[PDB]
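Q: What follows is a single structure, and I will ask about it in a moment.
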Amino acid sequence: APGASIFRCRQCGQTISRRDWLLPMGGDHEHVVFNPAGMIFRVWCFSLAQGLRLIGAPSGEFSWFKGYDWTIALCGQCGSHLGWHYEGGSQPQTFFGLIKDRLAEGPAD
Ligand SMILES: O=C1CC[C@H](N2C(=O)c3ccccc3C2=O)C(=O)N1
Ligand SMILES: [Zn+2]
């Protein structure tokens with residue numbers, strides 16, 4: 001009965017990812033970053049995620065991960081901004097960077 005298994009959207013409970021899918025990018029699954037608006041994010045990298053809606057076309061502007069282009073990832077259920085999907089890079093080609101404090105962690109479904 002693990003209690004730290006699944007990540008859900010904090011606002012609505014949509015299933016988003018899993019602890020098993022944490023991805024250590026450059027040696028750490030956690031990356032502390034800031035955007036041009038000065039917002040600090042504690043980003044957890046995941047190999048896979050679900051329940052999101054990726055919005056727009058990819059952009060390389062201000063990417064926190066060298067070689068990757070990003071798209072905003074919203075909760076597909078409630079529209080909460082949960083992070084970004086990264087693509088266009090290498091090893092892996094793609095991954096998700098999700099904002100840790102916008103997820104709730106809990107037992108499996
Ligand atoms: O890797 C990334 C993801 C996108 C993120 N980003 C933002 O969070 C943001 C907010 C407002 C204007 C422009 C941006 C932007 O590039 C960012 O700065 N780097
Ligand atoms: Zn949600």
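Ligands are numbered from 1 in the order shown, residues from 1 within each chain, and chains are lettered A, B, ... in the order they appear in the structure tokens.
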As a quick test: using only C-alpha atoms and all ligand atoms, which residues lie no more than 7 Å away from ligand 2? Give them as a PyMOL selection string.

A: chain A and resi 9-14+75-80

Q: Kindly export the residues of the current selection with N, CA, C and O atoms, as a PDB file, in the first residue's frame.

A:
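Written output follows (selection-v2.pdb):
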ATOM      1  N   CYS A   9      -3.047  16.311 -10.400  1.00  0.00           N
ATOM      2  CA  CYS A   9      -3.191  17.741 -10.379  1.00  0.00           C
ATOM      3  C   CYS A   9      -3.699  18.176  -9.003  1.00  0.00           C
ATOM      4  O   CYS A   9      -4.693  17.621  -8.506  1.00  0.00           O
ATOM      5  N   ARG A  10      -2.999  19.119  -8.388  1.00  0.00           N
ATOM      6  CA  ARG A  10      -3.380  19.630  -7.083  1.00  0.00           C
ATOM      7  C   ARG A  10      -4.755  20.280  -7.032  1.00  0.00           C
ATOM      8  O   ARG A  10      -5.415  20.275  -5.988  1.00  0.00           O
ATOM      9  N   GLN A  11      -5.169  20.870  -8.135  1.00  0.00           N
ATOM     10  CA  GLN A  11      -6.447  21.608  -8.196  1.00  0.00           C
ATOM     11  C   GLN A  11      -7.659  20.731  -8.406  1.00  0.00           C
ATOM     12  O   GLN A  11      -8.715  21.018  -7.873  1.00  0.00           O
ATOM     13  N   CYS A  12      -7.535  19.647  -9.155  1.00  0.00           N
ATOM     14  CA  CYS A  12      -8.702  18.855  -9.557  1.00  0.00           C
ATOM     15  C   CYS A  12      -8.549  17.343  -9.443  1.00  0.00           C
ATOM     16  O   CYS A  12      -9.514  16.609  -9.596  1.00  0.00           O
ATOM     17  N   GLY A  13      -7.335  16.848  -9.208  1.00  0.00           N
ATOM     18  CA  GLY A  13      -7.121  15.435  -9.063  1.00  0.00           C
ATOM     19  C   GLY A  13      -6.863  14.614 -10.309  1.00  0.00           C
ATOM     20  O   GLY A  13      -6.670  13.379 -10.231  1.00  0.00           O
ATOM     21  N   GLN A  14      -6.844  15.252 -11.483  1.00  0.00           N
ATOM     22  CA  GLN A  14      -6.489  14.522 -12.715  1.00  0.00           C
ATOM     23  C   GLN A  14      -5.185  13.757 -12.554  1.00  0.00           C
ATOM     24  O   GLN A  14      -4.228  14.289 -12.042  1.00  0.00           O
ATOM     25  N   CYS A  75      -3.027  21.139 -17.129  1.00  0.00           N
ATOM     26  CA  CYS A  75      -3.922  20.051 -16.742  1.00  0.00           C
ATOM     27  C   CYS A  75      -5.036  19.976 -17.776  1.00  0.00           C
ATOM     28  O   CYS A  75      -5.697  20.971 -18.079  1.00  0.00           O
ATOM     29  N   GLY A  76      -5.221  18.788 -18.338  1.00  0.00           N
ATOM     30  CA  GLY A  76      -6.219  18.594 -19.374  1.00  0.00           C
ATOM     31  C   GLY A  76      -7.617  18.690 -18.862  1.00  0.00           C
ATOM     32  O   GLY A  76      -8.529  18.882 -19.657  1.00  0.00           O
ATOM     33  N   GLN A  77      -7.791  18.519 -17.560  1.00  0.00           N
ATOM     34  CA  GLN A  77      -9.096  18.555 -16.932  1.00  0.00           C
ATOM     35  C   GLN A  77      -9.453  19.992 -16.561  1.00  0.00           C
ATOM     36  O   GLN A  77     -10.480  20.503 -16.986  1.00  0.00           O
ATOM     37  N   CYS A  78      -8.612  20.647 -15.756  1.00  0.00           N
ATOM     38  CA  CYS A  78      -8.961  21.969 -15.204  1.00  0.00           C
ATOM     39  C   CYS A  78      -8.224  23.196 -15.756  1.00  0.00           C
ATOM     40  O   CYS A  78      -8.603  24.315 -15.431  1.00  0.00           O
ATOM     41  N   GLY A  79      -7.192  22.964 -16.574  1.00  0.00           N
ATOM     42  CA  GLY A  79      -6.446  24.050 -17.180  1.00  0.00           C
ATOM     43  C   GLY A  79      -5.332  24.637 -16.342  1.00  0.00           C
ATOM     44  O   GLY A  79      -4.659  25.553 -16.800  1.00  0.00           O
ATOM     45  N   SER A  80      -5.100  24.128 -15.134  1.00  0.00           N
ATOM     46  CA  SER A  80      -3.987  24.568 -14.282  1.00  0.00           C
ATOM     47  C   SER A  80      -2.667  24.392 -15.031  1.00  0.00           C
ATOM     48  O   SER A  80      -2.453  23.385 -15.675  1.00  0.00           O
TER      49      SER A  80
END

Q: Residues contacting ligand 1 - anything with an atom at most 12 Å away, using only C-alpha atoms and all ligand atoms - can you give me those as a PyMOL selection string?

A: chain A and resi 31-43+45+55+58-73+81-87+95-99

Q: Could you list, as a PyMOL selection string, every residue within 8 Å of region 46-49 of chain A, counting only C-alpha atoms and ignoring same-chain residues fewer than 2 positions away?

A: chain A and resi 16-18+21-23+29+44+51-52+94-98

Q: A:28, A:20, A:15, A:8: which is nearest residue 101 (chain A), counting only C-alpha atoms?

A: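 With only C-alpha atoms as the atom set, the closest residue is A:8.
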
Q: How would you write, as a ChimeraX atom specification, the set of residues in chain A that DSSP gives as strand (DSSP E)?

A: /A:6-9,15-18,30-34,40-46,52-59,69-75,81-87,95-99,103-106

Q: Could those selected residues go to a file with N, CA and C atoms, as a short mmCIF file (atom, residue, chain, number, x, y, z; two decimals), in the first residue's frame?

A:
data_model
loop_
_atom_site.label_atom_id
_atom_site.label_comp_id
_atom_site.auth_asym_id
_atom_site.auth_seq_id
_atom_site.Cartn_x
_atom_site.Cartn_y
_atom_site.Cartn_z
N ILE A 6 1.61 8.07 -7.08
CA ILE A 6 1.01 8.73 -8.24
C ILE A 6 1.01 10.23 -7.96
N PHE A 7 1.23 11.02 -9.00
CA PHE A 7 1.06 12.46 -8.96
C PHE A 7 -0.22 12.86 -9.68
N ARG A 8 -1.05 13.61 -8.99
CA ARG A 8 -2.27 14.18 -9.52
C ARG A 8 -2.21 15.69 -9.56
N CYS A 9 -3.05 16.31 -10.40
CA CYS A 9 -3.19 17.74 -10.38
C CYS A 9 -3.70 18.18 -9.00
N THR A 15 -5.16 12.52 -13.00
CA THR A 15 -3.93 11.70 -12.91
C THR A 15 -2.91 12.28 -13.88
N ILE A 16 -1.69 12.54 -13.43
CA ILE A 16 -0.67 13.20 -14.27
C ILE A 16 0.59 12.35 -14.44
N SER A 17 1.20 11.87 -13.38
CA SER A 17 2.43 11.08 -13.54
C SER A 17 2.66 10.14 -12.37
N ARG A 18 3.85 9.58 -12.26
CA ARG A 18 4.15 8.56 -11.26
C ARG A 18 5.56 8.78 -10.78
N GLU A 30 15.25 16.98 -9.93
CA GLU A 30 14.85 18.35 -9.57
C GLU A 30 15.78 19.41 -10.13
N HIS A 31 15.16 20.40 -10.80
CA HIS A 31 15.83 21.56 -11.37
C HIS A 31 15.14 22.83 -10.93
N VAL A 32 15.90 23.71 -10.28
CA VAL A 32 15.36 24.97 -9.77
C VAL A 32 15.69 26.05 -10.77
N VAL A 33 14.67 26.70 -11.30
CA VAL A 33 14.80 27.57 -12.48
C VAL A 33 13.95 28.81 -12.35
N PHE A 34 14.22 29.84 -13.16
CA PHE A 34 13.31 30.97 -13.22
C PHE A 34 13.02 31.39 -14.65
N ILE A 40 10.13 31.68 -9.92
CA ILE A 40 11.00 30.54 -9.60
C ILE A 40 10.12 29.29 -9.59
N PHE A 41 10.64 28.21 -10.18
CA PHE A 41 9.95 26.93 -10.21
C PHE A 41 10.92 25.87 -9.77
N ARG A 42 10.38 24.97 -8.94
CA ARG A 42 11.07 23.74 -8.60
C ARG A 42 10.44 22.72 -9.56
N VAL A 43 11.20 22.36 -10.57
CA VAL A 43 10.71 21.53 -11.68
C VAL A 43 11.22 20.12 -11.44
N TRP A 44 10.29 19.17 -11.51
CA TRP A 44 10.65 17.75 -11.45
C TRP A 44 10.51 17.21 -12.85
N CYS A 45 11.54 16.49 -13.30
CA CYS A 45 11.54 15.93 -14.63
C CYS A 45 10.97 14.51 -14.58
N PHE A 46 10.07 14.23 -15.52
CA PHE A 46 9.42 12.91 -15.65
C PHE A 46 9.58 12.45 -17.10
N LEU A 52 -2.53 15.77 -19.49
CA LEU A 52 -2.18 17.14 -19.78
C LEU A 52 -2.77 17.52 -21.12
N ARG A 53 -2.73 18.82 -21.41
CA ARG A 53 -3.00 19.33 -22.74
C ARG A 53 -1.84 20.23 -23.08
N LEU A 54 -1.15 19.90 -24.18
CA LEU A 54 0.02 20.67 -24.61
C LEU A 54 -0.47 21.72 -25.56
N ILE A 55 -0.09 22.98 -25.32
CA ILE A 55 -0.66 24.11 -26.03
C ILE A 55 0.37 24.78 -26.93
N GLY A 56 -0.04 25.04 -28.17
CA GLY A 56 0.82 25.73 -29.12
C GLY A 56 1.89 24.87 -29.75
N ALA A 57 2.78 25.52 -30.48
CA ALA A 57 3.91 24.90 -31.13
C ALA A 57 5.15 25.05 -30.22
N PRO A 58 6.15 24.15 -30.37
CA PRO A 58 7.32 24.22 -29.51
C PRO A 58 8.15 25.47 -29.72
N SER A 59 8.82 25.93 -28.68
CA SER A 59 9.74 27.04 -28.75
C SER A 59 11.03 26.72 -28.04
N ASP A 69 13.17 22.09 -26.97
CA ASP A 69 12.15 23.08 -27.20
C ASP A 69 11.00 22.71 -26.31
N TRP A 70 10.22 23.69 -25.90
CA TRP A 70 9.13 23.46 -24.91
C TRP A 70 7.77 23.88 -25.42
N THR A 71 6.76 23.25 -24.83
CA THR A 71 5.37 23.61 -25.02
C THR A 71 4.77 23.65 -23.62
N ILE A 72 3.88 24.60 -23.40
CA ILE A 72 3.20 24.71 -22.10
C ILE A 72 2.29 23.49 -21.95
N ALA A 73 2.33 22.91 -20.74
CA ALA A 73 1.51 21.77 -20.40
C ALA A 73 0.51 22.21 -19.34
N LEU A 74 -0.78 22.18 -19.71
CA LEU A 74 -1.86 22.45 -18.76
C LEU A 74 -2.46 21.14 -18.32
N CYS A 75 -3.03 21.14 -17.13
CA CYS A 75 -3.92 20.05 -16.74
C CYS A 75 -5.04 19.98 -17.78
N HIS A 81 -1.79 25.39 -14.95
CA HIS A 81 -0.50 25.25 -15.62
C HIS A 81 0.41 24.37 -14.79
N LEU A 82 0.66 23.14 -15.26
CA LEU A 82 1.43 22.18 -14.48
C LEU A 82 2.90 22.10 -14.84
N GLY A 83 3.27 22.58 -16.02
CA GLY A 83 4.65 22.61 -16.43
C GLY A 83 4.81 22.71 -17.92
N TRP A 84 5.75 21.94 -18.46
CA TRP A 84 6.11 22.02 -19.87
C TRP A 84 6.46 20.65 -20.39
N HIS A 85 6.20 20.45 -21.68
CA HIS A 85 6.70 19.28 -22.37
C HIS A 85 7.90 19.72 -23.21
N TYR A 86 8.95 18.92 -23.14
CA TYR A 86 10.20 19.22 -23.85
C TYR A 86 10.35 18.20 -24.96
N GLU A 87 10.81 18.67 -26.12
CA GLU A 87 11.03 17.82 -27.28
C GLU A 87 12.17 18.36 -28.11
N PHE A 95 10.70 14.81 -22.77
CA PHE A 95 10.38 14.56 -21.35
C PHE A 95 9.44 15.69 -20.88
N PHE A 96 8.95 15.55 -19.65
CA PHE A 96 8.12 16.59 -19.05
C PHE A 96 8.84 17.21 -17.88
N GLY A 97 8.75 18.55 -17.76
CA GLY A 97 9.19 19.24 -16.55
C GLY A 97 7.97 19.78 -15.87
N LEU A 98 7.63 19.22 -14.69
CA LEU A 98 6.40 19.58 -14.02
C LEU A 98 6.72 20.32 -12.74
N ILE A 99 5.85 21.24 -12.37
CA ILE A 99 6.06 22.11 -11.21
C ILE A 99 5.61 21.35 -9.97
N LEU A 103 1.41 19.72 -8.04
CA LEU A 103 0.99 18.31 -8.06
C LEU A 103 0.72 17.86 -6.63
N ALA A 104 -0.15 16.87 -6.48
CA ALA A 104 -0.35 16.19 -5.20
C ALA A 104 0.05 14.74 -5.34
N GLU A 105 0.87 14.24 -4.42
CA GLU A 105 1.38 12.88 -4.48
C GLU A 105 0.59 11.95 -3.55
N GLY A 106 0.32 10.73 -3.98
CA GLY A 106 -0.58 9.87 -3.21
C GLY A 106 -0.56 8.44 -3.72
#

Q: What is the CA of residue 3 (chain A) to CA of residue 108 (chain A) distance in Å?

A: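 Computing it gives 7.4 Å between the two atoms.
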
Q: Which value, in Å to one decimal, gives the distance between CA of residue 50 (chain A) and CA of residue 89 (chain A)?

A: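 Between CA of residue 50 (chain A) and CA of residue 89 (chain A) the gap works out to 20.1 Å.
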
Q: Can you work out which one of A:107, A:100, A:26, A:92 has the shortest atom-to-atom distance to residue 5 (chain A), counting only C-alpha atoms?

A: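 Closest candidate: A:107.
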